[PDB]
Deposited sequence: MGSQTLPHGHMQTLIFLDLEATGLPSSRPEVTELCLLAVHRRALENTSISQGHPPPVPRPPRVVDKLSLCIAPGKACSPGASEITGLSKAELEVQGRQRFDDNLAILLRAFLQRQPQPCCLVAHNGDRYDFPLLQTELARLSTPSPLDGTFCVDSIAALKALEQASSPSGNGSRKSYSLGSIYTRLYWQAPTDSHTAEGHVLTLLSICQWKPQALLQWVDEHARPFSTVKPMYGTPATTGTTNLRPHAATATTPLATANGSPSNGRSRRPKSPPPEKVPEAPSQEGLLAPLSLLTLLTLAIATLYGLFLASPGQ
């Protein structure tokens, strides 16, 4: 066990202004914190039902004004735009936001592990970049992270498929994901797939977790 046992899985999703090469800026952030026990506590039916979210969960979802415009594809994919976020008086990614995250993370049983779909290549690096702009320390220096793409690959294989979020979900449950437009929608889809084999999901997390502090920024 690299860093022992993670008592909390925090499912994470960021919506943003664009894809990596565009030096994107977060526009929406969702966190769903789950005690590992909530994720242990058998599917019946065909096709296999979408699992019940555990009762005990902490949830945080925030809209964030970016400093640059949303690319057309981001804006269509999210239903968000820079002008709208300002009209609705959203604030930039700031130190206060970091305090909010800090306090939220602190409310969870340590050690905590962030889980995001393609997180090692998207969410984690971009979140690293956002916090670096800030005049405060990172609230995640003690937090851990793993990528759920590598997780379900090593899970299905235990027994030419895409491993995009929506593809894995429709593979498993034969339904379209309920919400594809919001950060929370992405996190709930992520949670359902991660509930497919909770037992083994956890085992794999506990052994592949790595310090968030070792994630390299998306851009400088």
Q.
Missing C-alpha coordinates: which residue stretches of the deposited sequence does that apply to?
A. 1 to 5, 47 to 48, 167 to 173, 235 to 314
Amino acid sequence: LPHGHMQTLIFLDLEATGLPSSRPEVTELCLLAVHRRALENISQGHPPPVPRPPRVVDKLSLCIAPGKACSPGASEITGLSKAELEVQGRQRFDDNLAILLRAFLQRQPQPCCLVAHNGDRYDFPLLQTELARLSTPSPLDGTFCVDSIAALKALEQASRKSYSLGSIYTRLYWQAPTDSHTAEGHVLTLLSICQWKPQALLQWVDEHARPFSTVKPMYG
From here on, numbers count along this sequence of modelled residues.
Q: Would you mind comparing 183 to 191 and 66 to 74 for me and telling me which has the higher average C-alpha temperature factor in the entry?
A: 66 to 74
Q. Is the mean CA B factor in the deposited entry higher across 131 to 139 or across 77 to 85?
A. 131 to 139
Q. Out of 27, 61, 43, 178, which residue has the highest Cα temperature factor in the PDB record?
A. 43
Q) In terms of the chain's CA B-factor thirds, is residue 155 lowest, middle or highest? A) highest
Q. For residue 114, does the deposited CA B-factor place it in the lowest, middle or highest third of the chain?
A. lowest
**Q.** Among modelled residues of the same chain, the CA temperature factor third for residue 205
**A.** highest
Q) So where's residue 31 on the chain's Cα temperature factor ranking, which third? A) lowest
Q. What third of the chain, by the recorded C-alpha B-factor, contains residue 56?
A. lowest
